[PDB]
Structure formats: C-alpha cells, structure tokens
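Each remark here refers to the structure printed beneath this line.
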Amino acid sequence: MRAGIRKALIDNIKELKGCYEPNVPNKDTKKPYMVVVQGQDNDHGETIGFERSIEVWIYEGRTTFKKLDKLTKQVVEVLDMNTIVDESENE
Amino acid sequence: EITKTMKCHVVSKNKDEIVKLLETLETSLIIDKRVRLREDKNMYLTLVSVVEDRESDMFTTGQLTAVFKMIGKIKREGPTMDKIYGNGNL
C-alpha cells in the first residue's frame with residue numbers, strides 16, 4: 001500500500017517534492033516532502049476485519065505553518081475515501 | 001427437569017463457510033426437534049430455542065446458542081401384588 005499512496009500523493013500534489021519511505025530522505029532532500037509510515041493491523045470485529053493504520057508525515061522548510069496546513073488539507077483531499085490502486089500489488 | 005443453554009462455535013478460514021455451516025446446523029436442529037443422547041435411543045434432548053449471533057466472536061464467545069431440556073424420572077420401584085387369595089365364611 002506504500003506504492004499506491006506514494007503514487008497518489010505525487011500525482012495529485014504539485015507542491016510536493018517527493019514521497020519517501022521512513023528513513024530514506026537524506027538531509028539535502030528538497031522540502032516539502034512526505035513520508036508514509038504503516039502502523040498496526042488490528043482485528044476490529046467481524047464487520048471491519050483487520051484495520052491497518054497508515055500515517056503520512058508532511059515536512060516543510062520551517063518557513064511558516066500555514067504552508068504546512070495548506071499541504072495537509074491537500075493530502076486529506078487526495079487520500080480521504082478515494083479509491084487508490086497499488087500497481088505493484090495490483091490491488 | 002434438567003435444562004442446559006449450550007453454545008456452539010464454528011471456526012474456519014472462510015467466513016462464508018462459517019455462515020453455511022451455521023445455517024445447516026440450525027436447520028437440522030430445528031427440523032429434527034430433538035437429539036439422541038446415546039445410541040441406545042432411550043433418552044432425548046428436546047430443543048427449546050436455537051439462536052445465532054453472527055457478531056459474536058468466533059473463538060471466545062461462539063456464534064450459536066441452543067437451549068435443551070430433558071425430564072428424568074425418580075428411580076424408585078416397589079413390590080407388586082402378583083397373587084391375591086382369600087376365603088369366605090359366614
């Protein structure tokens with residue numbers, strides 16, 4: 001699911017410079033960049049089954065937090081409830 | 001009278017299989033309203049009510065709840081009047 005979220009974030013956001021995995025980006029990586037961190041998978045009952053938790057950590061160049069708030073609203077718009085296809089898994 | 005509320009589980013990797021197994025088990029318990037306690041057929045467990053709670057956990061709780069009752073008889077006998085006799089006078 002990393003590939004799907006990364007592809008969606010890169011395609012549908014243009015302020016973004018790159019969407020990496022947890023410990024990838026070097027110090028000279030060009031901000032703003034995002035990082036997709038997967039969390040637990042917990043059995044949340046019969047109706048939901050196992051529920052994965054995924055985080056998208058936005059980063060910014062310490063200019064101001066308003067830019068980061070705008071980027072956060074963009075990310076929420078992109079990923080919230082929109083079906084995303086992971087080409088690697090083809091799922 | 002002895003009553004027991006016996007609960008049943010159905011485990012499987014395929015949840016649809018769980019649903020099918022529970023359905024057939026319920027239908028069997030209903031159409032055949034009693035169960036042979038032993039192969040001697042002397043006793044029986046008449047059904048009272050069978051109920052499934054699909055939301056209930058597969059392992060801890062168990063999907064299907066069934067209530068069975070049985071009526072024993074106090075095991076006491078006594079001597080019997082096989083032969084009776086008497087005479088007549090005036």
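A note on labels: chains of the structure tokens are A, B, ... as shown, every chain counts residues from 1, and ligands are counted from 1 in their shown order.
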Mind listing as a ChimeraX atom specification which residues of chain A are within 9 Å of chain B, counting only C-alpha atoms? /A:45-47
Mind listing the alpha helix (DSSP H) residues of chain A, per DSSP on the backbone, as a ChimeraX atom specification? /A:2-12,65-79
Might you pull out every residue within 8 Å of region 27-33 of chain B, with only C-alpha atoms counted and same-chain residues fewer than 6 positions away left off, and present them as a ChimeraX atom specification? /B:46-47,50
Name the residues in contact with residue 89 (chain A) at a cut-off of 9 Å, using only C-alpha atoms, excluding same-chain residues fewer than 4 positions from it; report them as a list in words. residues 1, 3, 4 and 85 of chain A
Nearest to residue 24 (chain B) among B:72, B:64, B:87, B:49, with distances taken over only C-alpha atoms: which residue is it?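 Ranked by minimum distance to residue 24 (chain B), first place goes to B:64.
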For residue 55 (chain A), list every protein, DNA or RNA residue within 10 Å, evaluated using only C-alpha atoms, and leave out those in the same chain fewer than 2 positions away; present the list as a ChimeraX atom specification. /A:34-39,53,57-58
Distance in Å - CA of residue 69 (chain B) versus CA of residue 21 (chain B):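 Pair CA of residue 69 (chain B) / CA of residue 21 (chain B) returns 23.8 Å.
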Residues at most 10 Å from residue 41 (chain A), counting only C-alpha atoms, excluding those fewer than 2 positions away in the same chain, as a ChimeraX atom specification? /A:38-39,43-44,49-54
Would you mind exporting the chosen residues as a compact mmCIF listing (two decimals), in the first residue's frame, restricted to N, CA and C atoms?
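And here's again-v7.txt as it stands now:
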# COMPACT_ATOMS: atom_id res chain seq x y z
N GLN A 38 3.47 2.91 7.83
CA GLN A 38 2.40 1.98 8.15
C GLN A 38 2.44 1.65 9.64
N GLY A 39 1.28 1.42 10.22
CA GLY A 39 1.12 1.13 11.62
C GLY A 39 0.64 -0.29 11.87
N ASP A 43 -7.52 -6.51 14.67
CA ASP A 43 -8.82 -7.11 14.42
C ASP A 43 -9.88 -6.26 15.10
N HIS A 44 -10.64 -5.50 14.30
CA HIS A 44 -11.65 -4.58 14.81
C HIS A 44 -13.07 -5.11 14.57
N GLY A 49 -13.16 -6.43 9.94
CA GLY A 49 -11.98 -7.25 9.74
C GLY A 49 -10.77 -6.56 10.32
N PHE A 50 -9.61 -6.82 9.72
CA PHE A 50 -8.37 -6.21 10.18
C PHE A 50 -8.27 -4.80 9.61
N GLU A 51 -7.90 -3.84 10.46
CA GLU A 51 -7.85 -2.43 10.11
C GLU A 51 -6.41 -1.94 10.22
N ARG A 52 -5.79 -1.67 9.07
CA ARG A 52 -4.45 -1.10 9.06
C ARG A 52 -4.51 0.39 9.34
N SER A 53 -3.48 0.90 10.00
CA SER A 53 -3.33 2.33 10.27
C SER A 53 -2.10 2.83 9.52
N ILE A 54 -2.28 3.90 8.75
CA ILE A 54 -1.24 4.47 7.91
C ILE A 54 -1.12 5.94 8.25
Per DSSP on the backbone, what are the strand (DSSP E) residues of region 12-74 of chain A, as an MDAnalysis selection string? chainID A and resid 18:20 33:43 50:58
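If you look at CA of residue 30 (chain A) and CA of residue 17 (chain A), they are 6.3 Å away from each other.
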Give me the residues near residue 18 (chain B) as number ranges by chain, where near means some atom within 12 Å (using only C-alpha atoms) and where sequence neighbours in that chain fewer than 2 positions away do not count. B: 8-16, 20-25, 52, 54, 58, 62-64
Calculated over only C-alpha atoms, which of the candidates B:7, B:68, B:80, B:2 has the smallest distance to residue 34 (chain B)?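 Looking only at the distances to residue 34 (chain B), the closest residue turns out to be B:68.
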May I ask for the distance between CA of residue 6 (chain A) and CA of residue 74 (chain A), given in Å to one decimal place? 14.0 Å
Judged by only C-alpha atoms, the minimum distance to residue 82 (chain A) among A:60, A:9, A:40, A:2 is found for A:9
